[PDB]
Structures are given as structure tokens and as C-alpha cells.
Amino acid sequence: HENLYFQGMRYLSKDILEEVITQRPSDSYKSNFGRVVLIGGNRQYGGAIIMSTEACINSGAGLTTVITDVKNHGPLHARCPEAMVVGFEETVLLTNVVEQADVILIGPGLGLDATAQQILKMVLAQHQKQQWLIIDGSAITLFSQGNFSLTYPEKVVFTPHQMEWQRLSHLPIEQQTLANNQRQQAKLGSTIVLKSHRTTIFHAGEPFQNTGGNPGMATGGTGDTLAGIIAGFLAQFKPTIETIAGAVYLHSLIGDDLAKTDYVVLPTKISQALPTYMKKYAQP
């Protein structure tokens, strides 16, 4: 059989990487490549945020700050000394770093407890119109349970797996059709990166359909890694949803390549491959 494609949907290929990944201007400094703040990693799940951090740094973000439990700062710096670190208890400093951010990612390893809830509320309250805000993992669950309302939804990006999306959209998985998914995207006014074997991105335009991904990537940290890549991309590249699609595509391209040799693809190997892959596509 030949493939079947849905009309009104953009199927992703290397084309998206050529479009999104631009050659850096010779007059650039690190501030031109964005300030990212990554928020997550409670005391049980600190490795999640460490994996997002490695992805963000390796994707080319200019400056990366991590708000995470102080417990996690040691191993984070052992792996990623490029990252700056702020503890959850550091109320004023964490507010300062969020205020300065170009991109905020909240959710990897964040958990569901009262501290997690408080930090999410502070971030949602503090969010500025021009800042990208990526809500991932347990932050989606808390968002849906806290009956919040988004002030500036147009630069919010949710990255749910199917059960997180059920919770956010109230669409049972059986009802998560292209039409229904799009309608529920429209109701939020935000971008939905609906993760699956073939991730789909819903937004104000024609949806993007990812064409990669493999079950060798079905391991803890793959999603944390993707979230970090998305954040690093939004930090550096044009503020359009194509940039998010480029991140999603590159994540699965690298993972698909690694799976050719690796039965399970360690998520940190995708991050470590970013600089060489991005160089190959950088639009000259």
C-alpha cells in the first residue's frame, strides 16, 4: 500500500529543520539566543529536570536557569555546569529569574504536592505576554485540576500525552479525533503538542503531523528531553509554531537514528547529539 494522508495537515520532514534552524549572525551574543528558565524536579523526580536542562543547553539556548529542589543542584551541575540554579525556597530570586525569562518550561519531575501547586500558581500569575510558557507533565495535571484560566494563551504550549490531554480537554481517548482535538485546542487558544507514536501539533493554523518516533524511545526521560528541546528552540528561533514542530521533528529524527543501533535510546544521548545534527540543517 501507498501512504494515506489527511488533507489540511502538514506532514513533517527535514524540510522543517531547514526552515527553522538558521545560521547565527556573526554579530550575535548569548543574549540573542534567549534566557530560558526550566522549572521542575522535586525530591523524587529530580532527574527529569536534569534531562530537560541537558537538552536545553545542547539545543543552543543562550542562558539556562533551573528552578528545582536544592537537593538536585549537585547532580545537575555535575552533568550541566552551564546551567544556573535556584531553589524552590528562594521566593524572590525565583521570581526574578522568571521575570527575566524569554521562555519558561514548567513541569518535568515537578510532582503534584503543595509546593508544586504553589510554584505553578506563582508562574501562571507572573507570566508576561511576550514570554513563551511550556506546561508539561504534572504541571498539565495541576493546571487542569486547579481550574486556572490563561491570561495570555497564545504563547502557552501544552505538551500532554494522551491521558494528560484527556484531563485537560475532557476528551476521552476514544474521542480524541482530529476535529475534536482541534476544537479543544481552539477553546484554549494555546498550542497543543499531543505526544504519541506520531505526535501531532494543534494550533491556530493547519496542524503538523510528526512522521518519526519509535518504541526504543519509550523510556523515562524522553518527554523531559523533548520539552527541553522545545524550550531551547523557542529561545533562539522565530516565534511561530513551525519552531515547535522543528523541535518535535529533530527529537524523533535523532531518536530514530539512534534506535538503529540502540535497543533502548537513552534520552541523554538525544541531547548530546543536538549540536552535530543542528549544524547539518542550519539554513545557510
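Sequential numbering from 1, following the sequence displayed.
With 16-24 and 258-266 compared on mean CA B-factor from the PDB entry, the stretch scoring higher is 16-24. Look at the C-alpha B-factors of 74-82 and of 192-200. On average they run higher in 192-200. Highest C-alpha temperature factor among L105, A179, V92, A101 per the entry: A179. Highest CA B-factor among the listed residues (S31, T225, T65, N42): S31.
Ranked within its chain, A139 lands in the middle third, by CA B factor from the PDB record. Ranked by Cα temperature factor within the chain, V156 sits in the middle third according to the deposited record.
In the PDB entry, a CA B factor belonging to the lowest third of its chain's modelled residues is recorded for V97.
In the deposited entry, the Cα temperature factor of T240 sits in the top third of values across the chain's modelled residues. Split the chain's modelled residues into thirds by C-alpha temperature factor. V123 is in the middle one.
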